[PDB]
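Coordinates in review
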There are 2 protein chains.
Amino acid sequence: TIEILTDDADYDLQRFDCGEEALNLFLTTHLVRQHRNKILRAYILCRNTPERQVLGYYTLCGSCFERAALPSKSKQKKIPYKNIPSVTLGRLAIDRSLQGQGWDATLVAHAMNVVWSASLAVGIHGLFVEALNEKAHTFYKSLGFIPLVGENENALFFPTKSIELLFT
Amino acid sequence: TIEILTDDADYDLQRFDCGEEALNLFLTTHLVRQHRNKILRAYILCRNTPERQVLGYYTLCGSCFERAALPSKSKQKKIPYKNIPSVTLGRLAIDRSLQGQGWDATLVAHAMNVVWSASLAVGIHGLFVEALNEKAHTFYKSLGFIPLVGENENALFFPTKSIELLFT
RNA sequence: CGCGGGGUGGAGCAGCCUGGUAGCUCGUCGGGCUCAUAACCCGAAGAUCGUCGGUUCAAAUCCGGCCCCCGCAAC
RNA sequence: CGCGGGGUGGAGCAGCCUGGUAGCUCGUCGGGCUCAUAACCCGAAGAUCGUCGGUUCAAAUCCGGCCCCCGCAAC
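Residues numbered from 1 in each chain as written, not as in the entry; some residues may be left out. Chains lettered and ligands numbered in written order. Heavy atoms only, no water.

Structure determination for this entry is recorded as X-ray crystallography, at 3.8040 Å resolution.

The subject of this paragraph is the sheet that holds strand β4 (residues 83–94) of chain B. Residues and elements named next belong to chain B. The strand order β1-β2-β3-β4-β5-β7-β6 describes an open sheet built from 7 strands, whose pairing is mixed. Among the strands making up the open sheet, the edge pair consists of β1 (2–4) and β6 (146–147). Here strand β5 (residues 126–130) pairs with strand β7 (residues 155–159) via 5 bridges, running antiparallel. Looking across to β7, one finds that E130 is bridged to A155. Taken strand by strand, helix α3 (residues 103–122) contacts β1, β2 (41–46), β3 (54–66), β4 and β7, and its axis lies near 50 degrees from that of β3. Sheet strands touched by helix α4 (residues 134–142): β4, β5, β6 and β7. Its angle to β7, the strand with the most contacts, is close to 20 degrees. (Pairing = 2+ DSSP bridges. Helix = DSSP H or I, 4+ residues; strand = E, 2+ residues; numbered from the N terminus. Contact = heavy atoms within 4.5 Å. Axes fitted to C-alpha atoms, helices over the stretch in contact; angles between N-to-C directions.)

Once that is clear, we can look at the protein's contact with RNA strand D. Every residue near RNA strand D is listed here: A:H30, A:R33, A:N37, B:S72, B:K73, B:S74, B:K75, B:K77, B:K78 and B:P80. Restricting attention to atoms of RNA strand D within 4 Å of the protein, one finds that 83% of them are sugar or phosphate atoms. Here a sugar or linking oxygen of RNA strand D and a backbone polar atom of B:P80 are 3.4 Å apart. Mapped by element, the contributors of at least two residues to the surface near RNA strand D are α1 (21–36) of chain A together with α2 (73–76) of chain B. Looking at which element gives the most residues to the surface near RNA strand D, the answer is α2(B), with 3 residues. Split into classes, the residues belonging to the surface near RNA strand D amount to 1 nonpolar, 4 polar and 5 charged. (Near = heavy atom within 4 Å. Polar contact = N/O pair within 3.5 Å; in protein donor to acceptor, adjacent residues only side chain to side chain. Nonpolar A, V, L, I, M, F, W, Y, C, P; charged D, E, K, R; others polar.)

Summed over the entire model, instances satisfying the criterion amount to 0 disulfides over all chains. In this model B:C46 remains outside any disulfide bridge; the closest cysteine sulfur is found in B:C18, 17 Å from its own. The class of B:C46 is buried, set by a relative accessible area of 6%. B:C61 forms no disulfide, and the closest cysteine sulfur to it belongs to A:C64, at a distance of 8.2 Å. In this structure B:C61 comes out as buried when scored by relative accessible area, which is 16%. (Disulfide = S-S within 2.5 Å. Buried < 20%, exposed > 50% of the residue type's maximum accessible area, 1.4 Å probe, protein only.)

Here it is, written out as structure tokens:
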């Protein structure tokens, strides 16, 4: 099952290793208080085992971006404010032992489900992500992430309405 | 009871009248698609009557602000990003017939409860509000809203931890 | 769904209304005729009709979802 | 809770460790003495110990939550 971090963590963190080093450091170093200080929410894809074998995680932090980053002025005439409510997908990683099996997209989908249940609360438009990787940018575009073109040139977006349609 | 807008609205909107005109226009004019386009979420304080007597409402839109707006550099050393996850309390109003009875604060508290349940999802820090009214700024400071001093000089803030402590 | 219009060679228009059919003016190029040409005559290429779906033996055409562009009232 | 220090007249320090007590140097001002003064002698004011709580007959002092400030490693 997929689950958020409990109050008592009791996770095994060192034997985990995703692809990129920077994300390993983000896991080992910055995540603890950022979760406890309610900077972001971390969701964990684990085996539900006693060892809590760590194989995936993702981070969600609400955010804003310049409205001009939208590609279509038609969508701009729909939003009456200079800033756009967004949720930044801060980081997303799966252990290397499972890469090439689509669990990346499964995590993105669970995150979209959570963002949908959240849209019931503060009604933001979808998922913002600033993908440094080129593979990540193309991988997101494969799932249909809208490229945001503005002062930022590396972000991809996913609308709330597409999330509604995905869950029928 | 307090409730969000259903799919079928069936509300009585004209006989409602809050204090400020601008908010009346925001209600009559911009709210419909902003709810339907998932720009924000509107919560309604109604009598649960057949007429759906409208006496209060508030709007929530996730947002960001410059980190330098925080008053204490101590809290700045806690947040490792230039932008801070926030939820903007876009608008808040109660019908004039009930002003001076504290339902303003009751709505703020229900909104805080919702932001708490949301903090379980994207872990933002609390409530951002840009209060044009001076009465509103002082009224928020009475409930303990932290004034944000930065490029913006009119916003007030409420942390997530205070919300946790309020609900015991 | 704020009101309304619109989607097609490279550009700009008609083809609908009325299901079966790719048309017109520029532009490109080829050819013919001229001392010669952006001028005159002839010819060729490029759009599969914004995308997706439905009905139909068949769809640019009728119907629905969505996308995009333009003007205006509001921000 | 990244590591560590710190909170007190207007500024900078000690008072803890050891519960009962407001102290020192500047600064302000008043007075005395000088041709006179920031110089010498005397005196006064201003902090209720960051905030909140707990224990105690009693708290700056012990204990807890929180707030704020400084340095450094990281961003």
